[PDB]
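> Starting off with a structure, shown below.
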Amino acid sequence: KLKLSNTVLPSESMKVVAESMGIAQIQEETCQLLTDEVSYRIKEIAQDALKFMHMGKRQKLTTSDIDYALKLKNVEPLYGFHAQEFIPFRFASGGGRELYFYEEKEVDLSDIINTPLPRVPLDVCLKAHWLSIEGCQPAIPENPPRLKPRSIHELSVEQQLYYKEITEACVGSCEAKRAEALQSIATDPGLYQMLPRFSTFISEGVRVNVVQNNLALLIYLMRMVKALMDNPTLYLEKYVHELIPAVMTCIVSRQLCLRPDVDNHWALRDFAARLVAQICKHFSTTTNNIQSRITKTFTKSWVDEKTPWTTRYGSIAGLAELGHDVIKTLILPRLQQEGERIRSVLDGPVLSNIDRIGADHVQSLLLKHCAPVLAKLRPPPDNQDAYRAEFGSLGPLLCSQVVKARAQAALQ
Amino acid sequence: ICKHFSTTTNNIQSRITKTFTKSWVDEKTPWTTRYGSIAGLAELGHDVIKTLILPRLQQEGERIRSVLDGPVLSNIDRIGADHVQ
Amino acid sequence: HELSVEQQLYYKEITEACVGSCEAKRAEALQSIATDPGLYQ
Amino acid sequence: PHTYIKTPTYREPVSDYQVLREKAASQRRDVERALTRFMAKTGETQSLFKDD
Amino acid sequence: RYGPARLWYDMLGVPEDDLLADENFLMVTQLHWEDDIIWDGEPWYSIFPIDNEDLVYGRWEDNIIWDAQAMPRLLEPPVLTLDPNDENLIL
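Protein chains in written order, with the authors' numbering: chain A, 6 to 150, 207 to 473; chain P, 340 to 424; chain E, 214 to 254; chain V, 156 to 207; chain R, 342 to 358, 395 to 419, 463 to 511.
The following block contains the structure:
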């Protein structure tokens, strides 16, 4: 079965061209005579431009194939203009005209000058790799993809040794070892079918690693989670039910080790955990299961009276990094409670506890979020004392942060 | 038995929920086996009855078709149906 | 591979205690199964 | 050669005569203790001590 | 007939000799994993254990008797296989 037809250009386009040139009152047989001649020349060239596509070993007819197909038929590749003498440009392609259907048809002559030129790409180089090693294709990134019998483990001993080396490197005794092991996790294609043992090693580790608050052990495990996530080959949402309560524990937990000093890292432990938490709510999303569940736990962490301030700071960070609208709809009705908590830490003399440090970190983070939440939905008018209607927390310094954001927008 | 033993290599709980689910959603199943399916699914936990039981709550209407108005009252479908209910 | 006479007798008594002759022997057999250390094999 | 080659592994076998003697001894002692306590509890019983 | 379950054999008297979508079943959507979050808490031979191949791979679901009278296949007596992979068994 082949219902192949002969499609020509419409004749009602050929009369428009003729009467817009000075040739009026053309007959239909005169006009049909134009549209079978030019539709043959389009068919003659597109069949002849398909010879250059095949010879160049491409499957896409580029714009230069018609330039050589025209030159082959002794017609100038020039499309915009036609030179009767032909001496200024003799069968020289000018690369066509960059024109569109949805174009503006008028531009300003200094708009084209002030735009940045595109980056010239890298030159052609010759790299060698292996398609086949004695018959077997390697999984390198240059390649696409009555007694019952004594059973064998589903991992090989090379794979089991690889798992042991990667896990003993990912506990961060040496930093270059970690970084390679993290890149190895980030791009091994065959790291599926080992992923249960990695997820179990992460989950089990954080839970017996918060019994004594060992910050590096945790910072290395969170980097292992981040290296597990950006791997494109492996299927993760079968294992995310173990991954998510591990990161929530890094963010919402108390620190058993020295309260101050590494709290700077503790903020980053809560910074790395809140980053991977909102990346996990970005992926793996179905209706009303993952993002709303962690949002509900973060909000009941917040509205809980008389919290641990480490847990308070971590939950504040976690609710803060959830995106544009989440701080637009959630952080709004709670400024008075935040201010009252800050006032209590300030009044009570107790300085040797961690309450004061927790309060300062929470207030700074909340004030930065409130700044763009404001820069985003209102003009920057009355930036001096109008914020005193919102208990005067960040005030003019918040206004200065908004001004810095406006300067960054101007630079963009 | 699927709280103590389900591991991601096992897939015990997912394979038990799938048998219970395709026994419940599929029609022609007797009221006893539908009772067993609903009982197991509802003993698994809260999120299972959120995402398995609650979509087919309209099936209760198909149940009350044969309870509030049955041509045969003296059969054995009524006790099983209001037990399921 | 074949149970020794001790555990063969234990298997016989424990299985025949849970067939329904009386309830008290059944409760003691189930409290044996639940609370013994060496019932592997 | 995680990329082109593979080989199977097995579980650690305990071929030690000491721990095999210990395992068989303790399992025999435990099953005979369980059997005798079950048979003394579900029948007529005596006691060396008062109400034992 | 004389193996484990001989009591049953003697009693019988036989003497010869969209909600089914894969995501619904992923355990993130079926497990109260919130309870896990810890708040204020207070290789020549295998490194990992070897799982039951029958549980991990076999279709044990085919031994569920959905209807006693209308049983799709015919079941057979099962012989004791004494798996030696399990430790705690002398042999």
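Ideal Cβ positions, reconstructed from N, Cα and C, are used throughout, including at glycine.
1) Within the chosen definition, does the stretch 317 to 325 of chain A reach the stretch 416 to 423 of chain A through at least 3 CB pairs nearer than 8 Å?
2) Rounded to the nearest angstrom, what separates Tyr172 (chain V) and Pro504 (chain R) at their Cα positions?
3) Is it buried or exposed, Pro121 (chain A), if we count other Cβ atoms within 10 angstroms and call 16 or more buried?
4) Closer than 7 Å to a non-hydrogen atom of the ligand FMN - does that hold for the CB of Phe359 (chain A)?
5) Report yes if the C-beta distance between residue 182 (chain A) and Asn274 (chain A) is below 8 Å; otherwise report no.
6) Taking the Cβ atom as the reference point for each residue, do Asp417 (chain R) and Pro369 (chain A) lie within a distance shorter than 8 Å?
7) Within the 8 Å Cβ cut-off, does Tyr253 (chain E) reach chain D?
8) Note down the Cα distance separating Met491 (chain R) from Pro345 (chain R), rounded to an integer number of angstroms.
9) Taking one C-beta from the stretch 359 to 373 of chain A and one from the stretch 284 to 301 of chain A each time, how about it: are there three or more such pairs within less than 8 Å?
10) On the three-state DSSP scale, how would you describe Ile510 (chain R)?
11) Are at least three pairs of beta-carbons, each pair with one atom in the stretch 329 to 343 of chain A and one in the stretch 304 to 316 of chain A, less than 8 Å apart?
12) Under 8 Å between the Cβ atoms of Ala237 (chain A) and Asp291 (chain A)?
13) Helix, strand or coil, according to DSSP, for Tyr165 (chain V) in the structure here?
14) Taking C-beta pairs closer than 8 Å, name the residues in chain P that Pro257 (chain A) reaches, listed in chain order.
15) At 9 Å on the CB atoms, spell out the chain V contacts of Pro463 (chain R), in chain order.
16) According to a CB-to-CB cut-off of less than 8 Å, which residues of the stretch 219 to 235 of chain E neighbour chain V?
17) Can you give me the Cβ contacts of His430 (chain A) inside the same chain, cut-off strictly under 7 Å, excluding the 5 residues immediately before and after it?
18) Helix, strand or coil for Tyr223 (chain E) per DSSP?
19) Would you report the Cα separation of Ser170 (chain V) and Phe468 (chain R), rounded to the nearest angstrom?
20) Starting from the C-beta of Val286 (chain A), find all residues in its chain whose C-beta is less than 8 Å away, skip the five residues before and the five after it, and write them out in chain order.
21) With burial defined as no fewer than 16 other Cβ atoms inside 10 Å of the residue's Cβ, what is the status of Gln469 (chain A): buried or exposed?
22) Among the candidates A:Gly101, A:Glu90 and A:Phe94, whose CA atom is the shortest distance from the CA of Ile71 (chain A)?
23) Using the beta-carbon count (16 or more within 10 Å), is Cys231 (chain E) buried or exposed?
24) Along the stretch 350 to 376 of chain A, what residues have a CB closer than 8 Å to any CB found in chain R?
25) How would you call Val112 (chain A), buried or exposed, if buried means at least 16 neighbouring beta carbons within 10 angstroms?
26) Going along chain P in order, which residues have a C-beta closer than 7 Å to the C-beta of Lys299 (chain A)?
27) For my contact list, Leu222 (chain A) and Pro463 (chain R) are in at a C-beta cut-off of 8 Å; report their separation, rounded to the angstrom.
28) What does the alpha-carbon distance come out to for the pair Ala195 (chain V) and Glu229 (chain E)?
29) Answer yes or no: does any C-beta atom of chain E fall closer than 8 Å to that of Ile470 (chain R)?
30) Per DSSP, which residues does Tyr465 (chain R) bridge with? Please list them.
31) Buried or exposed, going by whether 16 or more other CB atoms sit within 10 Å of the CB of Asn401 (chain R)?
32) For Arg402 (chain A), is the classification buried or exposed, using 16 other Cβ atoms within 10 angstroms of its Cβ as the cut-off for buried?
33) How would you call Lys132 (chain A), buried or exposed, if buried means at least 16 neighbouring beta carbons within 10 angstroms?
34) Run down chain E in chain order and give the residues with a C-beta less than 7 Å from the C-beta of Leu511 (chain R).
35) Return the first residue and the last residue of the alpha helix (DSSP H) that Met285 (chain A) is part of.
36) Give the interface partners of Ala242 (chain E) over in chain V, defined as CB-CB distance under 9 Å, in chain order.
So, from the listed chains and residues:
1) yes
2) 17 Å
3) exposed
4) What this structure holds is no ligand at all, so the ligand FMN is not there to describe.
5) Absent from the coordinates is residue 182 (chain A), which sits in the stretch where chain A moves from 150 straight to 207.
6) yes
7) Included in the structure are the protein chains A, P, E, V and R, with no chain D among them.
8) 24 Å
9) no
10) coil
11) yes
12) no
13) strand
14) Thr346, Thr347 and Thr348
15) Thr164
16) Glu219, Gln220, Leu222, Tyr223, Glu226, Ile227 and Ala230
17) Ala381, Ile388 and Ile392
18) helix
19) 19 Å
20) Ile263, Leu304, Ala307, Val308 and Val337
21) exposed
22) A:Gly101
23) exposed
24) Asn350, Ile351, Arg354, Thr358, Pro369 and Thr372
25) exposed
26) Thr347
27) 5 Å
28) 16 Å
29) no
30) V:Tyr165
31) buried
32) buried
33) exposed
34) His214
35) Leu276 to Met290
36) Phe193 and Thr197
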